[PDB]
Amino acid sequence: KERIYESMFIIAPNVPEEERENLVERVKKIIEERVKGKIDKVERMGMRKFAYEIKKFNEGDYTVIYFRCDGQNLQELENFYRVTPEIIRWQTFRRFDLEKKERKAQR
């Protein structure tokens, strides 16, 4: 069956908010068209302060995207992040807990 992932990415706070929203849209399209993932949820968490600096910023605009795919093209997303300096931090995780939960819901 398909695997469930989260990807959280943080946009630098000196990027205008409309450009921030466009970056979000670009990430969605990378997941849809390149990862070949189905998006389940986009959580726009908005601006949040860090414990200590990241790339010399003290805050950044958080988004988490929950998606499912076959796990074979995840590098498409990683490679988008690698070339996009406006995204100052990201992390992508397979959500085994959510896969287990779904199997449980189904029975």
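Numbers for residues come from their place in the sequence shown, where the first is 1.
Remark: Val83 belongs to the lowest third of its chain, ranked by C-alpha B-factor as recorded.
When the modelled residues of the chain are ordered by their C-alpha B factor, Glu19 lands in the highest third. Among the modelled residues of the chain, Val27 sits in the lowest third by CA temperature factor in this PDB entry. In this PDB entry, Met45 carries a Cα temperature factor that places it within the highest third of its chain's modelled residues. Among all modelled residues in this chain, the alpha-carbon of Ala51 has a temperature factor (C-alpha) in the lowest third.
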